[PDB]
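Trainee: please work out how this folds:
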Amino acid sequence: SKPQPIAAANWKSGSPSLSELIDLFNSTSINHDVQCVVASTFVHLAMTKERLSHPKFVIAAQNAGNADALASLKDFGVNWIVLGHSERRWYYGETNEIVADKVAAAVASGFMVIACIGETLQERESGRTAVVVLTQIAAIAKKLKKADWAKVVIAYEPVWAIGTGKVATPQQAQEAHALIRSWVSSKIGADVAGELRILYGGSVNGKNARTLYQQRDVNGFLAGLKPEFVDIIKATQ
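Mentor: Residues are numbered from 1 along each chain as shown. Provided below are the atomic coordinates:
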């Protein structure tokens, strides 16, 4: 059977609606085992933490790369972090090795890490998805020991599905997630691969999420911080 699913809301920009939305989340009865996550930029962490009280939810930081900042986050009671998201790589210039170093530093500091990987439109079209995605995960694995994988979650997000309204088909998601899991099974261990959560993100919505969740190798979602996130939670069963 599948490991515990995750539904993660990733607040990257802009305006904080933040109060009524958290009201919605706090008032929501969740009838199954699922870890919910709300990630935000540093300046919004204090507001989210004070308002969000639902015990199935945890707060996550994003992008921290300095040991002292990681320590401070932990001290504030933040235990999750999102690293390697699309724009980090294609805009900000975080290389596979920079993301890998951040993952290792965060695991060493006591975090649960959602590490993002995924290919561009051109890589997909040219048949390079596998080498690109597997090279991204390989870079992360090189900096980790086997026991560290208890603290890692992988989010597969095709760059061409992010903000474009073009979601991956259930077949596309499944094929990518199975490929990632197969590599983990071969390079790290079948035991690790069986327990690993691999989340899909890129134009997930309230209508399409449940179908994606039915695929063998999909263990949840990275989605936006929006009211329909409640339906994305429900889609994980």
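Trainee: list the buried ones in the longest helix along the chain?
Mentor: For the chain, the longest helix by residue count, based on DSSP state H, is helix 170-187. Buried residues in helix 170-187, counting neighbours by 16 or more other CB atoms under 10 Å, are found at 170, 172, 173, 174, 175, 176, 177, 179, 180, 181, 183, 184. Where C-beta positions appear, they are placed from N, C-alpha and C, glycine not excepted.
Trainee: quick one, what contacts the fifth one?
Mentor: Think residue 175. Taking CB atoms under 8 Å, 6 or more residues apart in numbering as the definition of contact, residue 175 has no neighbours.
Trainee: now the one 10 residues further on
Mentor: Residue 185 makes contact with 192, 193 under the criterion CB under 8 Å, 6+ apart.
Trainee: for beta bridges, what are the partners of the nearest residue to residue 73 once chain neighbours are set aside?
Mentor: Among residues not flanking residue 73 along the chain, residue 61 sits closest, at 5.1 Å (CB to CB, 6 or more residues apart in numbering). Taking DSSP bridges as the rule, residue 61 bridges to residue 81.
Trainee: gap between the longest helix of the chain and the chain center?
Mentor: The chain centre lies 16 Å from the centre of helix 170-187; the measure is CA atoms, centre = their mean, to the nearest Å.
Trainee: which strands and helices sit next to the next helix or strand after that helix?
Mentor: Downstream of helix 170-187, the next assigned helix or strand under DSSP states H and E is helix 190-195. Identification of packing neighbours for helix 190-195 by 3 or more CB pairs under 8 Å, 6 or more residues apart in numbering; DSSP states H and E yields helix 170-187.
Trainee: am I right that residue 43 is in a helix?
Mentor: Yes: per DSSP: H, G, I helix; E, B strand; the rest coil, residue 43 lies within a helix segment.
Trainee: and residue 50, how many neighbours?
Mentor: Residue crowding around residue 50 was assessed by other CB atoms under 10 Å; the count is 10.
Trainee: flag every buried residue along the helix or strand where it lies.
Mentor: If you go by DSSP H and E, residue 50 is part of helix 45-51. Neighbour-count burial for helix 45-51, counted by 16+ other CB under 10 Å, picks out 45, 48, 49.
Trainee: the first one reaches residue 64, doesn't it?
Mentor: Yep, that's residue 45 we're talking about. No: using CB atoms under 8 Å, residue 45 is not in contact with residue 64, being 10.7 Å away.
Trainee: shared neighbours, those two?
Mentor: residue 73.
Trainee: list the beta-bridge partners for the closest residue to residue 85 other than its chain neighbours.
Mentor: Of all residues not flanking residue 85 in the chain, residue 116 sits nearest, at 4.8 Å (CB to CB, 6+ apart). On the basis of DSSP bridges, residue 116 takes part in beta bridges with residue 155.
Trainee: residue 116 and residue 81 touch, don't they?
Mentor: No: the pair residue 116 and residue 81 does not pass the contact test of CB under 8 Å, sitting 11.2 Å apart.
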